[PDB]
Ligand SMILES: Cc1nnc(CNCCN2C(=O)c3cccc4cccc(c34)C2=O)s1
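Only one chain is shown below, in structure tokens, and it's the form deposited without this ligand.
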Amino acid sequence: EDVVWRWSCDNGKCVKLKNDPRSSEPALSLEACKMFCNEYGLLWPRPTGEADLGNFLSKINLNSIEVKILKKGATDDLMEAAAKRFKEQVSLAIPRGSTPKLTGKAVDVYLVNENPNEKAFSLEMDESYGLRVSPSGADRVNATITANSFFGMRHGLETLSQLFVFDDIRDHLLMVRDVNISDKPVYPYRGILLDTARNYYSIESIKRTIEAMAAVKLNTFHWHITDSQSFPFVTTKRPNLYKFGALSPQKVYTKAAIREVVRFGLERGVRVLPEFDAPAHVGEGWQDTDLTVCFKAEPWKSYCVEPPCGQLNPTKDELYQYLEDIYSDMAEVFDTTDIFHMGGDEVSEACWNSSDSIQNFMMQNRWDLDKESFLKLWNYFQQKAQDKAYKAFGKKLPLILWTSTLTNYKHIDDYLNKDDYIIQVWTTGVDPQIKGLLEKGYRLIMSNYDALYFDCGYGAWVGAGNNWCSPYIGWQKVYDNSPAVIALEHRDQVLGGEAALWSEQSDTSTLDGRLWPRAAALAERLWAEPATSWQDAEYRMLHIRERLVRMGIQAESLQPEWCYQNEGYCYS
């Protein structure tokens, strides 16, 4: 039947009131009230420059939206695909099973790409855009997006699609009448790390993730594609790695599958960045090569962070022929990435010290087993691995490693340099290492485990109780975690941040809930770096969740829907 309520803006809150028949005042639907009652309406993330939404809405004919590309170039296929995708994005305003009346104004969307040949990902890429909406003649609307690149342009199409509201009282599709928006991201790297080796993720679910990412202007999918537990990456040059390493023959990522994901990402402004974690976090797949040590070592607690144990043996020269092949196969299909992630997860010293061949190698090279020594070995490995990586990608490109014993700012310069290596940070924002690194000129990606480890909070997967980094991190906590606060003056060295979904307790089935809507909080934090806190974003956060659900994302629930319909009554 019929919606019986209406909403009215009062002190920044949409108040639910009965829609009494004996009134000369036109009733506002919930979303229509929200669009103007809220500082930023229904936008997520909120823009950084001009945020002028005006005061009024106009009724729109859903069938009379036409997109026009004004400057042609090398990104024609991308712009054309992005344009075709736009009506789908608009239809997200309409709840499922509801149908809008096909009446109202016609919409002309004008796409102005000022450098139509650019399609490369880079930390220096221009993601800026200008959005202007205004009436055109008597029966139409002029929506004009102006951007320095395709990437800024498709961001603009995303923001534009958010300026449509469905009036479920009247069954009208509406649109903000007078818009002036100018927008650019604070940070160039806005990412999600997806571990697809601790458990497998269907490529369908990976694509779905990219869709949700594009919806909130996240631009980097970090594909942690290998680890101790499995090797799903299809390497044509070393096929036994995935034949022996995959969880099953179907649980693999073929060249065709990866090319699909990479293209799907590109179309949506998402860089697909591969990781080969080494020399720790290796195991399954390497059987019969004699290139690992400690695989399945027992008791595991003595040799590694989590079962199964296993590490590369850096004293075998054949190892680097394998790596060269793995990296080359990666470079072939991950062909949009401008960066390579090489892991650098904490190496076990006990694991390396328990191998004869390694101990013999260190005797001949004048190194003792004192642990300045084992750091020497790790550096020896990384240097050789690095060399292979460059050969594989056919150029010097930036490389990422995690904060670890190797990347301790005190000695980091012995090994790496700040121009060649970006450091991904898992430590808390108040850890000394961050200041130490930033002073030495290093660039950072923030993944502090107290605010950005999206796996935290669930039951133990070894023994009983809860998992190691519990409690569960609410979106409030991810929203307030500010790299600018963490880095201070050195904030230009912060490239951005990344929500990490480690997968010992996540797979295809849990992926939507794990990431959404929490990764949206990161999305806004990194796009806008607002000085305001989470409570000022709360109402819009509740709307973005509903939007993901409309997309078919099984997003986590934040609050009773009653709270969304009754702003201000749910507080503490």
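One rule holds for the numbers: they count along the sequence shown, beginning at 1.
Omitted here: the form solved in complex with this ligand. The next part is about that form.
Consider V462 of the chain shown here, and say whether it contacts this ligand in the bound PDB entry, taking contact as heavy atoms within 4.5 Å.
Yes - in the bound PDB entry, heavy atoms of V462 and this ligand come within 4.5 Å of each other.
Tell me, yes or no, whether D345 is in contact with this ligand in the bound PDB entry, where a contact means a heavy atom of each within 4.5 Å.
Contact check for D345: yes, within 4.5 Å of this ligand in the bound PDB entry.
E306 versus this ligand, in the bound PDB entry: is there a non-hydrogen atom within 4.5 Å?
Contact with this ligand, yes.
If you check in the bound PDB entry, is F86 within 4.5 Å of this ligand, heavy atoms only?
No - in the bound PDB entry, heavy atoms of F86 and this ligand never come within 4.5 Å of each other.
Please identify the residue among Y453, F121, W378, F166 with any heavy atom within 4.5 Å of this ligand in the bound PDB entry.
Answer to the contact question: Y453.
Select from the listed residues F340, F334, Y253, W402 the one whose heavy atoms reach within 4.5 Å of this ligand in the bound PDB entry.
Contact with this ligand in the bound PDB entry is made by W402 alone.
Spot the stretch among 453-461, 434-442, 89-97, 200-208 with residues whose non-hydrogen atoms come within 4.5 Å of this ligand in the bound PDB entry.
The contacting stretch is 453-461.
Given a 4.5 Å distance limit between heavy atoms, list every residue of 411-428 close to this ligand in the bound PDB entry, or none if there are none.
The stretch touches the partner through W426 alone.
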